[PDB]
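Participant: For reference, the file final.cif (mmCIF, C-alpha atoms (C1' of nucleotides) and all ligand atoms) is included below:
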data_query
#
loop_
_atom_site.label_atom_id
_atom_site.label_comp_id
_atom_site.auth_asym_id
_atom_site.auth_seq_id
_atom_site.Cartn_x
_atom_site.Cartn_y
_atom_site.Cartn_z
CA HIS A 25 52.38 -34.23 -28.65
CA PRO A 26 52.24 -37.49 -26.49
CA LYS A 27 54.56 -38.56 -23.59
CA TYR A 28 58.05 -40.27 -23.99
CA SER A 29 56.95 -43.73 -22.74
CA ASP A 30 54.27 -43.11 -25.43
CA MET A 31 57.09 -42.42 -27.99
CA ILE A 32 59.40 -45.32 -26.92
CA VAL A 33 56.46 -47.76 -27.55
CA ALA A 34 55.84 -46.50 -31.15
CA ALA A 35 59.33 -47.19 -32.65
CA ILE A 36 59.95 -50.71 -31.22
CA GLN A 37 56.28 -51.77 -31.80
CA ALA A 38 55.77 -50.62 -35.42
CA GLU A 39 58.68 -52.35 -37.32
CA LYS A 40 60.93 -54.61 -35.08
CA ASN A 41 64.49 -55.13 -36.48
CA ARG A 42 67.89 -53.44 -35.98
CA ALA A 43 69.98 -54.68 -32.97
CA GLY A 44 66.74 -56.03 -31.39
CA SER A 45 66.20 -52.43 -30.54
CA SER A 46 68.95 -49.80 -29.92
CA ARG A 47 69.56 -46.05 -29.41
CA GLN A 48 70.08 -44.61 -32.94
CA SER A 49 67.26 -46.36 -34.85
CA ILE A 50 64.79 -45.41 -32.06
CA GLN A 51 65.76 -41.68 -32.18
CA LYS A 52 65.54 -41.58 -36.06
CA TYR A 53 61.92 -42.87 -36.12
CA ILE A 54 60.92 -40.85 -32.96
CA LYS A 55 61.83 -37.42 -34.44
CA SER A 56 59.52 -37.77 -37.52
CA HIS A 57 56.22 -37.30 -35.54
CA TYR A 58 57.01 -36.34 -31.91
CA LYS A 59 58.37 -33.03 -33.32
CA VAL A 60 61.91 -32.51 -31.96
CA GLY A 61 62.81 -30.25 -29.03
CA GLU A 62 66.48 -30.04 -27.97
CA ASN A 63 65.50 -32.03 -24.82
CA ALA A 64 64.47 -35.00 -27.08
CA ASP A 65 67.71 -36.98 -26.71
CA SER A 66 68.08 -36.08 -22.99
CA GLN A 67 64.56 -37.21 -21.87
CA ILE A 68 64.62 -40.26 -24.31
CA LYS A 69 67.67 -41.80 -22.49
CA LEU A 70 66.02 -40.90 -19.10
CA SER A 71 62.76 -42.60 -20.24
CA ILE A 72 64.90 -45.72 -21.04
CA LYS A 73 66.86 -45.42 -17.70
CA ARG A 74 63.64 -45.81 -15.57
CA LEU A 75 61.70 -48.09 -18.02
CA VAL A 76 64.53 -50.74 -18.02
CA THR A 77 64.58 -50.79 -14.14
CA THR A 78 60.73 -50.95 -13.65
CA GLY A 79 59.89 -54.04 -15.84
CA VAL A 80 57.93 -52.38 -18.72
CA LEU A 81 61.07 -52.82 -20.88
CA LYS A 82 63.71 -55.58 -20.39
CA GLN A 83 67.26 -55.57 -21.81
CA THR A 84 68.76 -58.28 -24.10
CA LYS A 85 72.57 -57.67 -24.10
CA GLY A 86 74.86 -54.80 -22.90
CA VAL A 87 77.38 -53.45 -20.28
CA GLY A 88 76.65 -50.35 -18.07
CA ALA A 89 75.13 -47.68 -20.35
CA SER A 90 75.21 -49.41 -23.83
CA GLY A 91 73.18 -52.40 -25.16
CA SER A 92 69.87 -53.48 -26.72
CA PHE A 93 66.28 -54.01 -25.37
CA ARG A 94 62.83 -55.61 -25.93
CA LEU A 95 59.23 -54.94 -24.83
CA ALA A 96 58.02 -58.24 -23.29
CA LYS A 97 59.82 -58.72 -19.93
CA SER A 98 61.94 -61.91 -19.53
CA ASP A 99 59.79 -65.08 -18.91
CA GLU A 100 56.59 -62.94 -19.46
"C1'" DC B 1 34.85 24.64 49.43
"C1'" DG B 2 31.33 22.41 46.49
"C1'" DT B 3 29.40 18.40 44.74
"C1'" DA B 4 30.32 14.02 42.46
"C1'" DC B 5 29.98 9.67 43.50
"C1'" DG B 6 28.99 5.82 47.06
"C1'" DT B 7 24.96 3.74 49.77
"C1'" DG B 8 20.65 2.13 50.50
"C1'" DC B 9 15.84 1.89 49.23
"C1'" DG B 10 11.68 0.48 46.31
"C1'" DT B 11 10.21 -0.18 41.50
"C1'" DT B 12 10.90 -2.27 37.06
"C1'" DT B 13 12.90 -5.18 33.64
"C1'" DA B 14 14.60 -9.17 31.37
"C1'" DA B 15 18.34 -12.80 32.12
"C1'" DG B 16 18.30 -17.19 33.11
"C1'" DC B 17 16.10 -21.26 33.45
"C1'" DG B 18 14.67 -25.83 30.60
"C1'" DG B 19 12.12 -27.29 27.29
"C1'" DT B 20 10.58 -28.00 22.77
"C1'" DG B 21 10.86 -28.15 17.68
"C1'" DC B 22 13.25 -27.09 13.04
"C1'" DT B 23 17.26 -27.23 10.39
"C1'" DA B 24 21.66 -24.68 8.30
"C1'" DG B 25 25.70 -26.15 7.83
"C1'" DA B 26 29.86 -28.61 10.07
"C1'" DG B 27 32.03 -32.23 8.82
"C1'" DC B 28 33.03 -36.78 6.75
"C1'" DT B 29 33.65 -40.03 2.20
"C1'" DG B 30 34.82 -41.31 -2.53
"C1'" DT B 31 36.00 -40.00 -7.16
"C1'" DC B 32 39.04 -37.98 -10.46
"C1'" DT B 33 42.77 -34.73 -12.21
"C1'" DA B 34 44.96 -30.46 -12.31
"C1'" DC B 35 48.80 -29.12 -10.32
"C1'" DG B 36 53.12 -28.88 -7.94
"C1'" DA B 37 57.59 -31.54 -6.52
"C1'" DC B 38 61.09 -33.42 -8.61
"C1'" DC B 39 64.06 -35.16 -11.83
"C1'" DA B 40 67.99 -33.55 -15.74
"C1'" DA B 41 69.48 -29.62 -18.98
"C1'" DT B 42 70.06 -24.78 -20.59
"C1'" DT B 43 71.56 -20.09 -19.33
"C1'" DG B 44 71.29 -15.03 -17.91
"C1'" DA B 45 70.17 -12.21 -14.19
"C1'" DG B 46 72.45 -10.85 -10.17
"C1'" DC B 47 76.60 -11.68 -7.42
"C1'" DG B 48 81.45 -9.86 -5.70
"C1'" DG B 49 85.11 -6.59 -6.96
"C1'" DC B 50 86.58 -2.53 -8.33
"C1'" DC B 51 86.86 2.27 -10.41
"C1'" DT B 52 85.02 7.75 -10.80
"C1'" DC B 53 83.35 11.73 -9.51
"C1'" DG B 54 79.54 14.27 -7.87
"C1'" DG B 55 76.70 14.57 -3.71
"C1'" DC B 56 77.20 16.13 0.63
"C1'" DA B 57 79.73 17.33 4.65
"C1'" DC B 58 82.23 20.98 6.10
"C1'" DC B 59 83.43 25.78 6.83
"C1'" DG B 60 82.44 30.43 7.10
"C1'" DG B 61 80.58 34.61 7.04
"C1'" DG B 62 77.25 37.67 7.40
"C1'" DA B 63 72.03 38.49 7.10
"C1'" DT B 64 67.93 37.12 9.01
"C1'" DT B 65 64.62 35.83 12.13
"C1'" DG B 66 62.39 33.48 16.29
"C1'" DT B 67 62.79 33.41 20.75
"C1'" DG B 68 63.93 35.42 25.16
"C1'" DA B 69 64.77 38.45 29.06
"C1'" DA B 70 65.00 42.63 31.00
"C1'" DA B 71 63.19 46.85 31.87
"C1'" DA B 72 59.53 50.06 31.18
"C1'" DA B 73 54.75 51.33 30.75
"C1'" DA B 74 49.72 50.41 31.62
"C1'" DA B 75 45.58 48.29 34.75
"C1'" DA B 76 44.12 46.63 38.67
"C1'" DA B 77 44.27 45.87 43.97
"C1'" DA B 78 44.31 47.21 48.16
"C1'" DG B 79 43.77 50.64 51.52
"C1'" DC B 80 41.92 55.32 52.63
"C1'" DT B 81 37.94 58.68 52.81
"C1'" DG B 82 34.72 61.40 52.94
"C1'" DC B 83 30.26 62.11 51.54
"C1'" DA B 84 25.25 61.95 50.22
CA CA A 201 71.81 -26.07 -28.11
CA CA A 202 78.04 -3.60 -6.69
CA CA A 203 86.50 -7.74 -11.94
CA CA A 204 78.68 9.32 -9.11
CA CA A 205 79.57 19.63 -6.46
CA CA A 206 79.15 31.43 10.37
#
Will you turn the file into C-alpha cells for me?
Facilitator:
Amino acid sequence: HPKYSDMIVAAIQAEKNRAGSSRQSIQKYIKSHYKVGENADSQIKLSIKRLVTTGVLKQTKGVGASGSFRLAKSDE
DNA sequence: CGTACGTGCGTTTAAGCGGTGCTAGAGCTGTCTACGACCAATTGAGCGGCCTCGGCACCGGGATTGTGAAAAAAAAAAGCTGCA
C-alpha cells in the first residue's frame, strides 16, 4: 500500500466533481484500492487536518470541521 | 634467642634520552534512509480489593545426639641414685 497523502491525491486528481471535493466521495473511492483497515477513516481526517494547514491542500467553503477543498492553493 | 631484613659496597643492566622514519587508525565530512518519537485509536494485561484455607508458627513431649566438664586414668618430668 502507499501513504495517505498518496491516497488523498488519487481521489481528487482522477475525476474532479462532487462538492468540489468532500469527505464521503473521497472515502468511497479511497477504499477500492488502498485496501481498508479500521484506521482508514481516522488517519484520512488526520491527513486532511495537517494538509489543509500546511498549504498542499486549500479549503473552498466550510465552518470548523465541515466543508470542501481543492488541490491548487489560493492564488497559486 | 636466632636470623631476617636494613645498609653499604662494587658489578651489571637497561631506562631514559632524542632522534629519525613509517603508518595504523583517530577522527572529521557528506550522503542517504532505516528507524524511533510522536501523533490518534483500540483494548487487555495487570492494578486494587477482597475472600479462603492451607502453610507455618506454635506447643509439647520425649528421644536423640553433639558438646562439655568433671573426674579418673595414663605418660612424662623432675629429682634422686647408685653404679659400671
Ligand atoms: Ca471496530
Ligand atoms: Ca492481589
Ligand atoms: Ca471487587
Ligand atoms: Ca491457600
Ligand atoms: Ca495443615
Ligand atoms: Ca519439648
Participant: Compile a residue-level contact table for chain A against ligand CA 201 (chain A) at a cut-off of 10 Å, reporting for every qualifying residue the shortest atom pair and its distance in Å to one decimal, with all atoms listed in the file counted, rows ordered by chain and ascending number, as CSV.
Facilitator:
residue,atom,partner,partner_atom,distance
A:61,CA,A:CA201,CA,10.0
A:62,CA,A:CA201,CA,6.6
A:63,CA,A:CA201,CA,9.3
Participant: Need to verify the contact set: stretch 42-49 of chain A, 10 Å, all atoms listed in the file, exclusion of same-chain residues closer than 4 positions in sequence. Can you return it as number ranges by chain?
Facilitator: A: 35-36, 53-54, 65, 68-69, 72, 83-85, 90-95
Participant: Just the number, please: distance in Å from atom CA of residue A:52 to atom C1' of residue B:42, one decimal.
Facilitator: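 Computing it gives 23.3 Å between the two atoms.
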Participant: Using all atoms listed in the file and a cut-off of 12 Å, which residues of chain B sit close to chain A? Please list them as a ChimeraX atom specification.
Facilitator: /B:39-42
Participant: Filtering to C-alpha atoms (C1' of nucleotides), could you give me those residues as a PDB file, keeping the file's coordinate frame?
Facilitator:
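Output file selection35.pdb follows:
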ATOM      1  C1'  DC B  39      64.060 -35.160 -11.830  1.00  0.00           C
ATOM      2  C1'  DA B  40      67.990 -33.550 -15.740  1.00  0.00           C
ATOM      3  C1'  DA B  41      69.480 -29.620 -18.980  1.00  0.00           C
ATOM      4  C1'  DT B  42      70.060 -24.780 -20.590  1.00  0.00           C
TER       5       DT B  42
END
Participant: Enumerate residues in contact with ligand CA 205 (chain A): an atom-to-atom distance of at most 10 Å, counting all atoms listed in the file. Format the result as an MDAnalysis selection string.
Facilitator: chainID B and resid 53:56
Participant: For stretch 45-75 of chain B in the structure I just supplied, write out N, CA and C atoms (P, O5', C5', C4', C3', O3' and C1' of nucleotides) - as a compact mmCIF listing (two decimals), in the first residue's frame.
Facilitator:
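Generated file (out-v5.txt):
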# COMPACT_ATOMS: atom_id res chain seq x y z
P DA B 45 -3.83 -10.27 27.45
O5' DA B 45 -2.57 -9.88 28.33
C5' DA B 45 -1.67 -8.83 27.94
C4' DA B 45 -1.41 -7.92 29.11
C3' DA B 45 -1.03 -8.64 30.40
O3' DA B 45 -0.07 -7.81 31.08
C1' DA B 45 -2.94 -7.35 30.79
P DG B 46 0.81 -8.38 32.27
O5' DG B 46 0.44 -7.41 33.47
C5' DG B 46 0.67 -6.00 33.38
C4' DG B 46 -0.19 -5.33 34.43
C3' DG B 46 0.07 -5.80 35.87
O3' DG B 46 0.07 -4.67 36.75
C1' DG B 46 -2.19 -6.02 35.36
P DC B 47 0.78 -4.75 38.17
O5' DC B 47 -0.06 -3.74 39.06
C5' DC B 47 -0.39 -2.42 38.61
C4' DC B 47 -1.80 -2.09 39.05
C3' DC B 47 -2.11 -2.46 40.49
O3' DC B 47 -1.86 -1.39 41.40
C1' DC B 47 -3.95 -3.00 39.01
P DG B 48 -1.94 -1.65 42.98
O5' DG B 48 -3.49 -1.47 43.28
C5' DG B 48 -4.16 -0.22 43.12
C4' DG B 48 -5.58 -0.42 43.58
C3' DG B 48 -5.70 -0.77 45.06
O3' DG B 48 -6.86 -0.19 45.64
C1' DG B 48 -6.56 -2.54 43.78
P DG B 49 -7.15 -0.36 47.20
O5' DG B 49 -8.51 -1.18 47.25
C5' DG B 49 -8.95 -1.96 46.14
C4' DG B 49 -10.20 -2.73 46.45
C3' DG B 49 -10.42 -3.08 47.92
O3' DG B 49 -11.84 -3.22 48.16
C1' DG B 49 -9.84 -5.03 46.73
P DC B 50 -12.40 -3.70 49.58
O5' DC B 50 -12.45 -5.28 49.40
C5' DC B 50 -13.18 -5.84 48.29
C4' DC B 50 -13.15 -7.35 48.36
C3' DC B 50 -13.28 -7.91 49.78
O3' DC B 50 -14.06 -9.10 49.72
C1' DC B 50 -11.36 -8.76 48.80
P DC B 51 -14.75 -9.65 51.03
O5' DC B 51 -14.73 -11.22 50.80
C5' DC B 51 -15.07 -11.82 49.53
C4' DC B 51 -14.43 -13.19 49.44
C3' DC B 51 -14.51 -14.01 50.73
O3' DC B 51 -14.62 -15.39 50.39
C1' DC B 51 -12.27 -13.74 50.15
P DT B 52 -14.81 -16.46 51.55
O5' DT B 52 -13.48 -17.32 51.42
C5' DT B 52 -13.11 -17.91 50.16
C4' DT B 52 -12.31 -19.18 50.36
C3' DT B 52 -12.62 -20.00 51.62
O3' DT B 52 -12.85 -21.43 51.51
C1' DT B 52 -10.40 -18.99 51.75
P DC B 53 -11.93 -22.46 50.61
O5' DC B 53 -10.49 -22.37 51.29
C5' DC B 53 -9.37 -23.03 50.68
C4' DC B 53 -8.23 -23.13 51.68
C3' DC B 53 -8.45 -24.18 52.78
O3' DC B 53 -7.26 -24.95 52.94
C1' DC B 53 -7.85 -22.13 53.73
P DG B 54 -7.15 -26.37 52.24
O5' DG B 54 -5.59 -26.56 51.99
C5' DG B 54 -4.88 -25.71 51.07
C4' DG B 54 -3.67 -25.11 51.75
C3' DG B 54 -2.82 -26.09 52.57
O3' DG B 54 -1.49 -25.60 52.55
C1' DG B 54 -3.55 -24.39 53.98
P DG B 55 -0.27 -26.59 52.43
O5' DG B 55 0.95 -25.64 52.80
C5' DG B 55 1.23 -24.46 52.03
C4' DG B 55 1.77 -23.38 52.95
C3' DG B 55 3.03 -23.78 53.74
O3' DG B 55 4.04 -22.76 53.75
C1' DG B 55 1.23 -23.32 55.23
P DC B 56 5.52 -23.04 54.40
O5' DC B 56 5.43 -22.32 55.81
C5' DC B 56 4.55 -21.20 56.02
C4' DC B 56 4.39 -20.93 57.49
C3' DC B 56 5.56 -21.43 58.35
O3' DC B 56 5.72 -20.52 59.42
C1' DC B 56 3.59 -22.42 59.11
P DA B 57 7.14 -20.22 60.00
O5' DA B 57 6.80 -19.74 61.47
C5' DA B 57 5.87 -18.65 61.66
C4' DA B 57 5.00 -18.94 62.87
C3' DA B 57 5.80 -19.32 64.12
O3' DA B 57 5.35 -18.56 65.23
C1' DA B 57 4.13 -20.90 63.73
P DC B 58 6.23 -18.48 66.54
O5' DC B 58 5.17 -18.72 67.70
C5' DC B 58 3.81 -19.13 67.43
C4' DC B 58 3.46 -20.41 68.16
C3' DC B 58 4.50 -20.90 69.18
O3' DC B 58 4.11 -20.50 70.51
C1' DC B 58 3.43 -22.68 67.98
P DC B 59 4.99 -20.94 71.79
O5' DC B 59 4.39 -22.38 72.14
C5' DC B 59 2.97 -22.61 72.12
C4' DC B 59 2.67 -24.06 72.41
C3' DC B 59 3.53 -24.68 73.53
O3' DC B 59 2.68 -25.25 74.53
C1' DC B 59 3.47 -26.09 71.64
P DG B 60 3.25 -25.64 75.99
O5' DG B 60 3.07 -27.22 76.06
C5' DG B 60 2.47 -28.01 74.99
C4' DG B 60 3.11 -29.38 74.90
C3' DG B 60 4.29 -29.63 75.85
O3' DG B 60 4.25 -31.00 76.27
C1' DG B 60 4.95 -30.11 73.70
P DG B 61 4.57 -31.44 77.78
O5' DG B 61 4.23 -33.00 77.78
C5' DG B 61 3.84 -33.71 76.58
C4' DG B 61 4.98 -34.54 76.02
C3' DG B 61 6.22 -34.67 76.92
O3' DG B 61 6.81 -35.95 76.70
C1' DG B 61 6.88 -34.11 74.81
P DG B 62 6.90 -37.02 77.84
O5' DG B 62 6.84 -38.38 77.02
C5' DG B 62 6.79 -38.42 75.58
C4' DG B 62 8.18 -38.60 74.99
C3' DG B 62 9.26 -39.14 75.94
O3' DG B 62 9.88 -40.17 75.17
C1' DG B 62 10.09 -37.32 74.79
P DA B 63 11.13 -40.99 75.72
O5' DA B 63 12.04 -41.10 74.42
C5' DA B 63 11.46 -41.23 73.10
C4' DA B 63 12.52 -41.11 72.04
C3' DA B 63 13.86 -41.76 72.36
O3' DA B 63 14.35 -42.40 71.19
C1' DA B 63 14.15 -39.40 72.11
P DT B 64 15.86 -42.92 71.11
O5' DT B 64 16.64 -41.62 70.60
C5' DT B 64 16.26 -40.97 69.37
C4' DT B 64 17.26 -39.88 69.05
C3' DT B 64 18.72 -40.31 69.17
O3' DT B 64 19.47 -39.91 68.02
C1' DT B 64 18.38 -38.31 70.32
P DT B 65 20.86 -40.60 67.69
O5' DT B 65 21.83 -39.37 67.38
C5' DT B 65 21.33 -38.09 66.98
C4' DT B 65 22.13 -37.00 67.67
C3' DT B 65 23.61 -37.34 67.87
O3' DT B 65 24.43 -36.18 67.70
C1' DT B 65 22.73 -36.51 69.80
P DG B 66 24.88 -35.71 66.27
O5' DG B 66 25.38 -34.22 66.53
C5' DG B 66 24.68 -33.32 67.42
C4' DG B 66 25.63 -32.33 68.04
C3' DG B 66 27.12 -32.54 67.75
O3' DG B 66 28.03 -31.43 67.96
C1' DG B 66 26.71 -33.06 69.99
P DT B 67 27.54 -29.91 68.28
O5' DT B 67 27.15 -29.96 69.83
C5' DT B 67 27.21 -28.79 70.67
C4' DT B 67 28.08 -29.03 71.89
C3' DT B 67 29.60 -28.96 71.66
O3' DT B 67 30.17 -27.96 72.51
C1' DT B 67 29.05 -30.76 73.04
P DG B 68 31.73 -27.60 72.41
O5' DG B 68 32.20 -27.69 73.93
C5' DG B 68 31.79 -28.79 74.75
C4' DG B 68 31.17 -28.29 76.03
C3' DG B 68 32.21 -28.04 77.12
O3' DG B 68 31.80 -27.09 78.10
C1' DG B 68 31.01 -30.06 77.56
P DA B 69 32.93 -26.44 79.03
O5' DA B 69 32.84 -27.32 80.35
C5' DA B 69 31.57 -27.73 80.89
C4' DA B 69 31.80 -28.52 82.15
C3' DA B 69 33.17 -28.27 82.79
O3' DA B 69 33.00 -28.30 84.21
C1' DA B 69 33.02 -30.53 82.12
P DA B 70 34.21 -27.93 85.20
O5' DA B 70 34.33 -29.25 86.07
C5' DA B 70 33.16 -29.87 86.64
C4' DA B 70 33.39 -31.35 86.86
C3' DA B 70 34.65 -31.68 87.68
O3' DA B 70 34.28 -32.15 89.00
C1' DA B 70 34.48 -33.07 85.69
P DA B 71 35.41 -32.48 90.13
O5' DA B 71 35.64 -34.05 89.96
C5' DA B 71 34.59 -34.93 89.48
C4' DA B 71 35.18 -36.21 88.95
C3' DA B 71 36.39 -36.73 89.73
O3' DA B 71 36.19 -38.14 89.93
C1' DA B 71 36.92 -36.64 87.46
P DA B 72 37.14 -39.01 90.89
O5' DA B 72 37.85 -40.01 89.87
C5' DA B 72 37.09 -40.85 88.97
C4' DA B 72 37.96 -41.38 87.85
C3' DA B 72 39.21 -42.15 88.31
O3' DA B 72 39.29 -43.46 87.71
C1' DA B 72 39.79 -40.56 86.66
P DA B 73 40.38 -44.54 88.22
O5' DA B 73 41.47 -44.56 87.06
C5' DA B 73 41.36 -45.43 85.92
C4' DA B 73 42.15 -44.86 84.76
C3' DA B 73 43.59 -45.38 84.63
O3' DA B 73 43.73 -46.21 83.47
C1' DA B 73 43.47 -42.98 84.37
P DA B 74 45.05 -47.11 83.26
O5' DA B 74 46.06 -46.12 82.54
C5' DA B 74 46.16 -46.07 81.11
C4' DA B 74 46.88 -44.82 80.68
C3' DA B 74 48.40 -44.97 80.48
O3' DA B 74 48.70 -44.73 79.10
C1' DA B 74 47.88 -42.99 81.63
P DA B 75 50.20 -44.42 78.60
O5' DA B 75 50.23 -42.83 78.55
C5' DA B 75 50.92 -42.10 77.51
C4' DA B 75 51.98 -41.22 78.13
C3' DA B 75 53.36 -41.87 78.20
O3' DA B 75 54.32 -41.50 77.19
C1' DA B 75 52.78 -40.68 80.21
